[PDB]
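In: Any chance you can model this:
(chains A, B, C, D, E, F and G)
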Amino acid sequence: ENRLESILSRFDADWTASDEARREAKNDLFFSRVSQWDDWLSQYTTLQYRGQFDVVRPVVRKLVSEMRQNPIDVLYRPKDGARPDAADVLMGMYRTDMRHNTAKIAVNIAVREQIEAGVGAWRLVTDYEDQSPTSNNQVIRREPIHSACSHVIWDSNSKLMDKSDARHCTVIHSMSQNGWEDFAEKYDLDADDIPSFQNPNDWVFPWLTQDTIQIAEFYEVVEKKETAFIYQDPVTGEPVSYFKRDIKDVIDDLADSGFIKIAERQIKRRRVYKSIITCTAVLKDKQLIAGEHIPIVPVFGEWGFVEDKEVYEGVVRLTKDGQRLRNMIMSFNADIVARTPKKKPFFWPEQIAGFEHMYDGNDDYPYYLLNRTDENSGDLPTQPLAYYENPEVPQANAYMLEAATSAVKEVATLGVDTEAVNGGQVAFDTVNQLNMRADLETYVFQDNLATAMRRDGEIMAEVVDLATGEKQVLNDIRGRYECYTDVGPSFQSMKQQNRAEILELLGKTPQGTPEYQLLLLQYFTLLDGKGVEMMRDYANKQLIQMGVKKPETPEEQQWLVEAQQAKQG
Amino acid sequence: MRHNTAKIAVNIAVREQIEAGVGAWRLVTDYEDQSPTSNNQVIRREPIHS
Amino acid sequence: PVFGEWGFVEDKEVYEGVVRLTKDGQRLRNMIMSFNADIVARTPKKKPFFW
Amino acid sequence: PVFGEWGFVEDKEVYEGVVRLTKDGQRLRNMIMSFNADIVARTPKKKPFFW
Amino acid sequence: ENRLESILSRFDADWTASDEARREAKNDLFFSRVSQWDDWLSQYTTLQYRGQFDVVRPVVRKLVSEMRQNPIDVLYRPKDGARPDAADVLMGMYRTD
Amino acid sequence: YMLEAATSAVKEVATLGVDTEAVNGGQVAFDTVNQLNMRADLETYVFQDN
Amino acid sequence: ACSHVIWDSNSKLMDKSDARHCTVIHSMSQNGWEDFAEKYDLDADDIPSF
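Out: Numbering: from 1, shown residues only, chains lettered A, B, ... in the order given. Please find the structure below.
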């Protein structure tokens, strides 16, 4: 039907999608409990003992500790056609705004939820930095998303793991009063409005958190096929460069008074839009956000479809059933030990009567006395043959305890292999690096928007390789995507990687000649010191006089001068 | 076949291969203006659940 | 299309993964297991009989 | 601030050290242990019954 | 609402935050007990024996001893652009205090 | 029974997945969450000499 | 620290870097309060609370 009421559209695409963020989410957030909160559920005040003797944690702890020692980040290799020095520019930028704690933390948060619940996710954001910005007075940042199973929801009928074929991805925020005030501050809103939403949490309510305050960011995407605008490069010839009309609106005047040229073409290109939403109404519609992808990568454990219903899980889910038995039986046994008569003798009051004194616990007497006779008969004090039987813990409890716990650690494994080989969680690391990739298709496709700012024109009486500075605040040619994305060990900085890259090149090479160059190059890369400086400089001079270095020329020019003499003496 | 989809689609298939016995994916094509494989077009491997 | 174990029988196509054979025994495991859980849950504890 | 195991649940912050999980079983140990001590302390020794 | 009474603002941001320094803090400081003070809780004068035969301590002791022999501090590397001798100045200062 | 059971149940979870001596500390995940704070100790220290 | 530094600014991460409060608490002896009121210059006869 036709009903372009915007909120009715957006809300009637969340509502429709939250019918899956039901069947699954219901389970998923429930695992973030048999591990995160407590292994018992839905009573919260009973009179009978309930112990918690889990065995799932240690497994989880193990798995985390493994993924936490194999960092895995992005790579960006060039491409089959492009020039070798294509990646370094981008990579340097990426490495730069992913150094901070947040970038690290956000991922760790995701993988933990990946392991426990089955999902996890983080978002990419941008904003301005005046001091120490990555590029163009701006910086990109990786932000955390807790409880991804119940906050990010995107049934766009998306049929794959990085949710790249999705078009929605509506996420939810819960925030404190002060947080809402500060939020209404940033995005400029009525702080006295107070928002609402499906409420990612739950209905159970035996706690002290009542400040709901949930607002919702709604992302959407459209492959628009926007338009044209080509030009000729005034610099050293080699003309023909293309630009987005949308992105150079107010600029073309200035763009013309510098190298105006002409031609047109229709280019297909995706655009994303973040809209703020409450149940009642929309507070910010169609606000255009940076890149050309929805800035939210999701990690998955075991994932797939069933009845055309999305499905996923972490390690924890299978264990739940047996683990509860363990806890129950265990608690039952505790009752058996606590409330239960101890072994003591049965007496007729009559036989003990007269000297119950002797049976209290004294080691004062040499023996025990018993009344023998009784008028009206000859008493039958058959020496006390009867004691109350000891507490025993039924065979069934014993059996079912051992059974359950075994049954648990049977599935508390992902096919884990020997130490140092074939991680018990390759399949988790891979499904993670898959998301690390979606973290570039998202990052790459977003410098070309914000950070931006690169170009490298080719062409004594000859030269080549010369950078640029562009014009105005944004100005990237449409010949962008020259590097494809790949994953590899995480490094703090480009220099870190280059250093490691050379160490690898060593050992895998003989003590021949090319060893020495690598060896020297290593010293060359070392950072400040008293020890390293002397050696780094020596290695430099060495490499320049080797002729292979080719002077950076801050002074190394003269280093070559006394080298040019060539056995001149 | 570098993109995630090409990878994912196969992994999806093999999992169903192991569990159920079958699995499958499809190849599709369409136009790409920026960064196309060739002739303003690109081929892609799509998933087929169940 | 990928196939695990595949072939024809009565001129009828046929195929299966690892899972199919396990189903029968695995259900028994679950049942017996559940039965036992009942045994532990609902069942009088050991106590004395008195007049 | 340093954290051991940390994360969010019902949009409620959550965290714990190694100690938390152990608490339940450790108390049982101490109790049963104490119970037994009583058994050894207060309890009639083996002696004969005589008229 | 508008109520720029400073203390009412600061106090009404602590009070609001101490509702989490509740559910969790309640537990957290309680562990600094089954280990730090004593493994029994909330009676403190009974007539019946209460032994303390823990096994948690040894684990904790072990964990501490491990982290105590892998010091871990700061580094301050320069940067992709900066000159190599960038860090030493700061580092020297950090190391110092 | 319940004594042996309890104490075992305790040392079951009195471990962070601890590995062999000299390799993979039974507390890498603790050391890391610490070095994370060691980093916040600079963003705090660097941004305070200035 | 579990009961002295408290900072729900709705801070959603581990180094609490996105926080804006972080109110900490001091417990101190009489002589400590006198010496504290000395440093930060305060009425030693006030006696605080929290």
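
In: can you count the residues close to whatever residue of the stretch 351-500 of chain A ends up closest to chain F?
Out: In the stretch 351-500 of chain A, no residue comes nearer to chain F than residue A:393, which is 4.7 Å away by Cβ to the nearest Cβ. To be clear about C-beta, it is placed using only N, CA and C from the backbone, and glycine gets the same treatment. The burial metric for residue A:393, expressed as a neighbour count using other Cβ atoms under 10 Å in any protein chain shown, is 17.

In: helix, strand or coil for it?
Out: State at residue A:393, reduced to three classes by DSSP: H, G, I helix; E, B strand; the rest coil: coil.

In: do the one 10 residues further on as well
Out: Local secondary structure at residue A:403 is given as helix here, using three-state DSSP.

In: Pull the contacting residues for it.
Out: Residue A:403 sits next to C:33, C:36 when contact means Cβ atoms under 8 Å, 6 or more residues apart in numbering or on different chains.

In: any idea how far it lies from chain G?
Out: Residue A:403 sits 39 Å away from chain G when distances are taken as Cβ to the nearest Cβ, to the nearest Å.

In: who does residue A:288 bridge with?
Out: Taking DSSP bridges, one obtains residue A:273 as the residues bridged to residue A:288.

In: my guess is it contacts residue A:272, does it?
Out: Yes - contact status for residue A:288 versus residue A:272: in contact at 7.3 Å, counting by Cβ atoms under 8 Å.

In: Which one's more surrounded, the two?
Out: For residue A:288 and residue A:272, the more surrounded residue by other Cβ under 10 Å is residue A:272, and the numbers stand at 23 against 10.

In: How about residue A:520, nearest residue that isn't a chain neighbour?
Out: Using Cβ to Cβ, 6 or more residues apart in numbering or on different chains and skipping the chain neighbours, the partner closest in space to residue A:520 is residue A:539 (4.3 Å).

In: Would you tell me what helix or strand the one you found is located in?
Out: Take DSSP states H and E as the rule and residue A:539 turns out to sit in helix A:531-545.

In: likewise residue A:215?
Out: Residue A:215 is part of strand A:214-223 when elements are defined by DSSP H and E.

In: can you pull the buried residues of stretch A:259-275?
Out: Taking 16 or more other Cβ atoms under 10 Å in any protein chain shown as the basis for neighbour counts, the residues of stretch A:259-275 that come out buried are A:267, A:269, A:270, A:271, A:272, A:273, A:274, A:275.

In: So which elements touch the one helix or strand the fourth one maps to?
Out: Translated: residue A:271. Under the criterion DSSP H and E, the helix or strand holding residue A:271 is strand A:270-277. Based on contacts counted as 3 or more Cβ pairs under 8 Å, 6 or more residues apart in numbering or on different chains; DSSP states H and E, the elements that strand A:270-277 packs against are helix A:6-17, strand A:214-223, strand A:282-288.

In: so the residue nearest to residue A:520 makes contact with residue A:523?
Out: Yes - the pair residue A:539 / residue A:523 is scored as a contact, 3.8 Å apart, by Cβ under 8 Å.

In: Between these two, tell me which one has more neighbours.
Out: residue A:539 (22 against 17).

In: ok, now how distant is that one from residue A:494?
Out: As for residue A:539, its distance to residue A:494 is 19 Å (criterion: Cβ to Cβ, to the nearest Å).

In: same deal with residue A:398?
Out: Using Cβ to Cβ, one gets 61 Å for the distance from residue A:398 to residue A:494.

In: hang on, the earlier thing: and the buried residues of stretch A:259-275, which is closest to chain F?
Out: Comparing the buried residues of stretch A:259-275 against chain F with Cβ to the nearest Cβ places residue A:274 closest, at 27.9 Å.

In: Find the nearest non-adjacent residue to the closest one, please.
Out: When the adjacent residues along the chain are set aside, residue A:274 lies closest to residue A:289, with 4.7 Å between them (Cβ to Cβ, 6+ apart).

In: what number of residues lie near the one you found?
Out: With other Cβ under 10 Å as criterion, residue A:289 counts 21.

In: Regarding chain A, what is its longest helix?
Out: Ranked by residue count under DSSP state H, the longest helix found in chain A is helix A:316-338.

In: Would it count as contacting chain C?
Out: Yes - against chain C, helix A:316-338 shows contacts by Cβ under 8 Å from any Cβ of the partner chain at A:325, A:328, A:329, A:332, A:336.

In: wouldn't residue A:161 be in contact with residue A:303 here?
Out: Yes - with contact defined as Cβ under 8 Å, residue A:161 and residue A:303 form a contacting pair (5.7 Å).

In: Perfect, that will be all.
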